[PDB]
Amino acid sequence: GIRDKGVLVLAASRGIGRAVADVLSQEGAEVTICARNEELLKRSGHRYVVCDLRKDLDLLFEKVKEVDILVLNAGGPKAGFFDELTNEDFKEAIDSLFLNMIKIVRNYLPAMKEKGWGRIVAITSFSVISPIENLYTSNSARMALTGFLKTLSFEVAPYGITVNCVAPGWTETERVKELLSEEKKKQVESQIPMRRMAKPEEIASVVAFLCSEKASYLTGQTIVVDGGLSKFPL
């Protein structure tokens, strides 16, 4: 039940974030998205803020004041094996996937406490429980955030705020339909039990559910939505 709730979705001009904004809009929430590309944002049909999170967080906090539902999401950082990654690559990933996210929570959390209701949902990756061999930066940075949000979930629970992650597997975002060949996309598709990648709305729907009033007893969890790919049984 999310008619009239305030929603912010980060990195939401395209891909999963976009799909999440779309759903929540169709279920009557008042949604703001934010991203780097203004042109993409004007075309989205949503309320938007142009927001490079490294440089200018106070612009975001000024233009989007309070928020019942917060979906954390980011671009994926550099892939590579250990010798082709610098200290700067790990630092940038930590800043943008972990420390900047903490700042954003810290900002919007007090109004949720005051209302006695809230939702935080972080979009991470199934690579969190089934680490991919060349994603050193995002593996470790998403484990970081996932730990932070678990510890958080304990403290905010009594205020009616849930805190969860959704860990999508391979998703057919326009970004992925460019980072990969047809040969590589087939090979990967063939190791997914469902023998396909997710439509972005298939990830969106899980996130929309955790945001609804029906998910009120579910917190401190990472829901993996990956077609059956990861092997971990519990």
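Residue indices: 1-based, along the sequence shown.
For the pair 16 to 24 and 212 to 220, the mean Cα B-factor is higher in 212 to 220.
Relative to one another, 157 to 165 and 126 to 134 have unequal mean CA B-factors, and 126 to 134 is the one with the higher figure. Remark: of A29, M197, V176, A204, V176 shows the highest value [criterion: C-alpha B-factor in the PDB entry]. Split the chain's modelled residues into thirds by C-alpha temperature factor. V188 is in the highest one. Ranked by Cα temperature factor within the chain, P233 sits in the highest third according to the deposited record. The PDB entry assigns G147 a C-alpha temperature factor belonging to the middle third of its chain's modelled residues. In the PDB entry, a CA B factor belonging to the highest third of its chain's modelled residues is recorded for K78. For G1, the recorded CA B-factor ranks within the highest third of the chain. Only modelled residues enter the ranking.
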